[PDB]
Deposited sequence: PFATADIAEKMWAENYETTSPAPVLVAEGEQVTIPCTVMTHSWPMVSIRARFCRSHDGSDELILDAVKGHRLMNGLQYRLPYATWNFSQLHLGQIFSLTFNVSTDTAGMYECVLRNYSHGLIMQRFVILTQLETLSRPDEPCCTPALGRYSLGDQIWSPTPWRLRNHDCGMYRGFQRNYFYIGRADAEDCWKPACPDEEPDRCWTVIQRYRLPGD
């Protein structure tokens, strides 16, 4: 059925784990931005790589030219048709980013990547979530393994939509699970 894509030969930065923050729970319809900062380097391209939690196989990339920042291929246009992106030259490095509105279908693992035609060096990962399923004192970011939210005072507790609850922020397999489980909720 659906055509898929990926990076043929993936590599990870040494500090990938220590620079990638714990997953973040965001309200549906909030505008967020994936920010990517990279020190001047020698790859021809850069990308923002997306693996959505739902109904998604492979990975989709927005590939930009690493020198000038122009779009080379927007592999994200079908799942994120309104997304915008930016690129800044800081001489010592570059900031590139992807802006979109969060929803259930846009929840996913979002990576910053140095790219060539066969290889990608994955520098950093952001996990954006809208729902947490359980069978807690949610805070704003504070270093570690702890799931968080930019607006934790709006955290809610539903039942469906065992011994089970549904956590979200607010006003089918989940491919993010093997990453999500590596982090924890706050005890208190």
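Absent C-alpha positions map to the deposited sequence ranges 136-144, 171-174, 185-198, in order along the chain.
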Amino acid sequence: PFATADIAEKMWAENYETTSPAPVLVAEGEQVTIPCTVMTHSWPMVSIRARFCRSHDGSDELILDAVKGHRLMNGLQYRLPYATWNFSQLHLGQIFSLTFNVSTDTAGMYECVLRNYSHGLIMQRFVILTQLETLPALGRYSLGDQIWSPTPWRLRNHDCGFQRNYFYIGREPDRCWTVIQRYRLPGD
From here on, numbers count along this sequence of modelled residues.
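With 99-107 and 68-76 compared on mean CA B-factor from the PDB entry, the stretch scoring higher is 99-107. When the mean C-alpha temperature factors of 172-180 and 7-15 are read from the deposited coordinates, 172-180 comes out higher. Take 161, 44, 58, 35 and read off each C-alpha B-factor from the entry; 161 has the highest. Considering 134, 149, 40, 124 together, the PDB entry gives 134 the largest C-alpha B factor.
Residue 54 sits in the highest third of its chain by CA B factor, as recorded in the PDB entry. When the modelled residues of the chain are ordered by C-alpha B-factor, residue 143 sits in the highest third. Residue 62 sits in the lowest third of its chain by CA B factor, as recorded in the PDB entry. Among the modelled residues of the chain, residue 155 sits in the highest third by CA temperature factor in this PDB entry.
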